[PDB]
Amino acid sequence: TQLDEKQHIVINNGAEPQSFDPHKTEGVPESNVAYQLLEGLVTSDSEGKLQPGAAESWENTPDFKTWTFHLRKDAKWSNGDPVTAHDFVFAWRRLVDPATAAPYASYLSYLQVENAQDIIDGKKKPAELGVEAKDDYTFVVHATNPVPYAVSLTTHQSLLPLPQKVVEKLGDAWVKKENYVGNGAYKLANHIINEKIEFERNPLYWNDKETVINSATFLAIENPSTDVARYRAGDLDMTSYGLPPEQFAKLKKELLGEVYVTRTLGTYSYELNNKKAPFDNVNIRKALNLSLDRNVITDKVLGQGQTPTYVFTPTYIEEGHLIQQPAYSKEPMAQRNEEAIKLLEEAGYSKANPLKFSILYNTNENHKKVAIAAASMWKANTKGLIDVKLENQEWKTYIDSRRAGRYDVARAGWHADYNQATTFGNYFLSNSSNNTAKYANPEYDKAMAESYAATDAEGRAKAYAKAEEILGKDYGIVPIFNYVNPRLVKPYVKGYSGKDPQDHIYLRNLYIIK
């Protein structure tokens, strides 16, 4: 109706990102940046519905095994280089190349691309990956099993293209702000570590004509109450997706029309280090699960719409409907707690010699609050048999610690990469690059492997239900809740729906009104 003349926006991105290289990262802060600077084959509107990206058209064979993408013949990188199918081949090869050490190396195995797993395992060379430039503007993906959800998988940050000629010339130094070249709607204007990232329009973006926001700042505010205070002072326009539980009822009523709450495809858990004593003991992992009351966390600590869960996959995801919550979750807490105490005593713990460990979490007052509640319930519910310390680390360090296995128990959130159960299922494959729990059950792997041959939704859904049952019986992690994403958004910011199940923010989807 009435567009503002300025079109500037300030968004809390919540943390300093590990990297602006989409092959070196696996987190939300990092994808939020990468999604402004780069664009894959296909992208999303404000509600997460798929629309053309670098590919203007695409099709599949009826067996869902061959996917052909038609790239834009005149599209250019921000430096004027042509965007071609060779950039996609280059990037996707780099993702699976063991030498890249990519956290999301396994993603192309999830897409069942021919030879992706063998390349990840070092059995074949990256050039053997089953993707090709049939010509400069025709990118073809060959899958070994049917992947009817292939198009949605292509929207992930790990499958963004890279400027081959730049990256080959400059190596990993391509990522420096002076050198960064991309094909998204924006480019880096400035980066001050722990303070701000500044974006400006990429005028060579194929769809720059439809981009409205001229400039934006991403802040790196870790604590939700700091986020909210800055918002109230008018110094930022959209919070990150955490709000203080103590302010929440007040904010809803006082700032009516500004509090969004997106129901998202996400699970909050404590991940147990399955290879580090004593979490290699299933009996101890079971005790931890029995004695944690999820309702305390969702109803009393947070209370924002988060729902209790005892499984990893959100059961409301596409093809997740057959997954069952485990039986113990229907037992009284008193029965659960007695079982837990017996398991811990059987494992040699006492009030005098309690089970001692640290909860690792990324600095964030909401995570601290949940960790305090967890440590408090574990101690009290086991009559002193568990004694928990808290360890906060900066986001980057926290991610590094989880990946290096330098942890006992770690706060962990997984948000869907695509709206289908396997984005969760695939995480716990023994060979998954995403599996920082070091969970490994050949029967789990077989259940998921059998899913990928299935030709029907019911057949897939049944296999996923079996996988969750195996992971559940192994007590591999401690699932706690399914996310909502509470955010404050100024009334002058439009294009944020509150209905995107992955709650992406593309600057090119926003606009400021007067």
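Just so we're on the same page, rigid core means the largest C-alpha set that superposes within 1.5 Å between forms. Heads up: residue numbers just count along the shown sequence, starting at 1.
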Open item on the list: Which of the two stretches, 451-459 versus 476-484, has its Cα atoms farther on average from this form in 6 other deposited structures of this protein when everything is superposed by the rigid core?
Closed with: 451-459
TODO: Averaging the C-alpha B factors as listed in the entry, name the stretch that ends up higher: 448-456 or 477-485.
DONE: 448-456
TODO: Between 249-257 and 202-210, point out the one with the higher average CA B-factor as the PDB entry records it.
DONE: 249-257
- [ ] Check the PDB entry and point out which of 72, 86, 300, 285 has the largest C-alpha temperature factor.
- [x] 300
- [ ] In terms of CA temperature factor as recorded, identify the highest of 131, 374, 159, 150.
- [x] 374
TODO: Check where residue 469 lands among this chain's C-alpha B-factors and tell me if it's the lowest, middle or highest third.
DONE: highest
Open item on the list: Using the temperature factors of the C-alpha atoms in this entry, rank residue 311 within its chain: lowest, middle or highest third.
Closed with: middle
TODO: Can you work out whether the C-alpha temperature factor of residue 8 puts it in the lowest, middle or highest third of the chain?
DONE: middle
Open item on the list: Ranking the modelled residues of this chain by C-alpha B-factor as given in the entry, is residue 217 in the lowest, middle or highest third?
Closed with: lowest
Task: Where the record places residue 82 (Cα B-factor, split into thirds across the chain) - done: lowest
